[PDB]
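Engineer: One structure, pasted below without further comment.
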């Protein structure tokens, strides 16, 4: 059988690998770089652009930019350099031998679905491809065919109810606020404490801090009080150049913005609220499976203690005769990619791929007939 | 009514005076001096420290040190000597009779707000006080309750979107480049021309030069070309010990760093990009007033020809269906202090002051209940 | 490849020779002389000017002057007499058959780079030339592409952080103190002991003394105490006309001015302070390699025991988790010239030269396009 | 002269060996500490992983 | 003789210094090697615990 590349298009880390595996084989930063100089590096082989660990390590002669922001490809030309790095550097294989499965947000722009279809087929010469919604794959990685996924990436949060592998297209909810925003917010609130960070070389350490030290409080007022009454809600972090900084209440405040969007000037409702407002669009005979199968997904859901908080919040909005229970997979950060590996290795799914001939007949638009 | 002291905590000139005036009554250097040697003077007595025009004129046996660097109080002990000078030497009044209004940068560190609050109340015995963001006051001096302020102050730059007297806490932008590092930069680029200045006694003349001779170009490439093609972009300055020096393209290059931060190794975006990136975080119903009330504030904005440059730059970024115009006050260097005198003399504001009784009952953190 | 003449523009020793060699071919004093009176010699042919070992030996008839003072070319007419002596007397070769590489300090004046370029193409008719920063060559000679150099040369001290190629142009820091003023200082402090010197013929012996007998103390107060408590910190020197003089604490005091510029009325920061203030301007992911690889360069760094002192001083300034090391090359007095000798021999470097054709097409301005 | 010269050659031989050892000492320090940083990193990860294992054991 | 003797003093000090540099190389080698073994070790520990946690997680 043809080995598929499953490539999860993350807004902060790219997760990529071969199908038939139950885990990604490549994980690298979603960063693309270009020279500070008027040309190539002195006395060394020619490259016009740099990616991942090469861009992170050669940084002193580069300007760096991001290819994807808030679940949207914000520059085609840099998403291409992630793809070029993915096939030829990280997996060291010809993509033209390997069908491609691409992850996307719910309601990902159609002009974008097409530019992705076109770029894969014309430049990389892929033999076949498909594009799939993040939450739909995370449900398959949760071992269940019907349920709802709260998927919170490194840049967007969605609530996506699904019946027997199809997402319900009227009931989906979106919130631009998650891991990208969360770093910029964390950085603001640290400046406020008097640990001013103003440089993007600091922003990436603030990102790492966030991933290591943030935790979801079970009760926001009680933890806030605890930090005001005692300094036991603070953890030290030693920066790379020495200098021990102390991270305080910012730990739980940073992710608190997910429950209360008004903290950062947004008019949107919270992630638990948009869970409730999503399920109540669905039929009563299926609401039982949706409320019982609330699945957490994506990088932002890997903060400890999240389940007890989300269990609380949803039972408070939802009637006490829908069964309520949080499903948190063992490695929920990868569940989109794992579900993509499962889907790409089903025997019945091999009829679903976009072929190169159908692309030659209908242009990039074929994704709106073969995909959903 | 009680006469307030409005004290602008400026990074190069302290501006101070009495409220009910529409102009500062003391405008003096933000400098403190300390002896290089024991037995400082013969037949004339001694002092352990010096401030302002006394430190500038008695300089021949002094090290100079500073209260405020980068808009940030960097040494409490020098900020105190500036304050001691302000009340007892310059205005020749008891501060304990006069409520105090202190200016601050947007997002000024909270441990700093509290050390300033504590120092004012315990040592100076002030009857009441308040702390206010610089840019908010400059908007009141522009006759306005809603607008976006570029506060490019005496030593820090901010873009500050202000809505009905409140600076929006998610939409503020900061730049670590203004009238402080502009001197240090000017000095480097003169050394490059072969007018080597290495002494801090030379640096303060370079400062004066900068204030007198710098001008904002309307077009950076066209003025640069003009200086390369002709020596008509050069103005002479006679140094205070004879010797006529010629200041060239450095005039417009020095401030050029505000538009292009990469010239000095900073990763930051320019004052125009940080204007657009600020207003794009603001609500569409208030954009209509914010874009119409683009207000210039601070010492760094007093370079001629700024408005035509700023008008250009922001129309190129922001779309062509907004009321894009630049507001430049008649004496924009003082608009913080003037707005502080206006605020301190409103009949509705007199409930807002931290009283000595509230400081005695609640301690230094009272600033985080009375101020924002 | 064409044999490149590498000229080290040292402020006290000229160093010269052919590229592709491990050590300089000529090492002679940076001195030029002219007659003190009308009529100068009988019985042998008179000369209008004198240079190098001829000026050092025939000294009494000469007004000696120095072509490079304070790291800056101060008299064009004497810098030409060094270069005419270098090609036709010392190496005995035609320079019009050879490319030329010139060493320079950082931030070298544009008018001086232009007058040197013009002299090379129009006084000496060279086919090609290039100009390079002392520290960049010393680092390349060491077998490295990344590090910070403390280049304490003959006439000036510079701090120069370098990464994977060129120096970082915003981060460089300067001090107007090295081997030049060290002699004049040594001479003052000997007069103070009662070994008065007045003749510039005495100053050159004081120079030699300085190079032989000065040593960097590891602890300034403890060595000072030792000399006050015992005469074991004194070494004898027999002058060239008999008379045994005793050199005391002056040995470590002389170079002590590098750490404390206030000893000689300067306002500047010390060599360790300007090292730390330079590295703190660099990007965080390269601060690691810059703090780890602190490199010594120049004649003034050849005083024994310097590494343990500098190791101390920098660890006290910089935090204790970038793991500091002092790199002191085996022949760190010569590493500038050796770096030029290595670099000018490479096939990759032959594209960097300023040609006589580019000087005919663009004039003296070409050096600011070709040099980095 | 002949004696000085023979001391200079030897001193230059020892010097040449010395800079090889100094470059090799520097690379030996840099690698030692980089491994130590990575070793600390892996220790923070086992330590978290354990705790998640101990939280998971109470759940299980 | 003076020129020979001073050259000898600096080279002899350089020699005394080389010997320290040599001891220091040895000490870096021992640390570097040891820490890479501790990393290899810690990866095998982290791997066992993680495989073990995975098998439990899967029973969960």
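Chain A residue numbers are taken from Swiss-Prot; in order, the displayed residues are 6-377.
Structure determined by electron microscopy, 8.0 Å.
Even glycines carry a Cβ here, placed using N, Cα and C.
Swiss-Prot lists A:46, A:49 with the feature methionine (R)-sulfoxide, giving experimental evidence as the kind of evidence. For A:75, the entry in Swiss-Prot reads tele-methylhistidine, with the evidence type similarity to another entry. According to Swiss-Prot, the feature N6-methyllysine maps to A:86.
Walk me through where these features lie, including what they touch and how far apart they are.
Structural biologist: Following the DSSP three-state reduction, the secondary structure of residue A:46 (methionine (R)-sulfoxide) is coil. In sequence order, A:40, A:52, A:63, A:66 make up the list of same-chain residues 6 or more apart from residue A:46 (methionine (R)-sulfoxide) whose Cβ falls under 8 Å from its Cβ.
Counting only residues at least six positions away in the same chain, no Cβ atom sits under 8 Å from the Cβ of residue A:49 (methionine (R)-sulfoxide).
Around the Cβ of residue A:75 (tele-methylhistidine), the number of neighbouring Cβ atoms within 10 Å comes to 16.
For the recorded site, residue A:86 (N6-methyllysine), the DSSP three-state label reads helix.
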Engineer: Hey, how far is residue A:86 (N6-methyllysine) from residue A:75 (tele-methylhistidine), Cα to Cα, in Å?
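Structural biologist: Between the alpha carbons of residue A:86 (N6-methyllysine) and residue A:75 (tele-methylhistidine) there are 18 Å.
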Engineer: Run through the Cβ atoms and count how many others sit within 10 Å of the one on residue A:86 (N6-methyllysine).
Structural biologist: 22
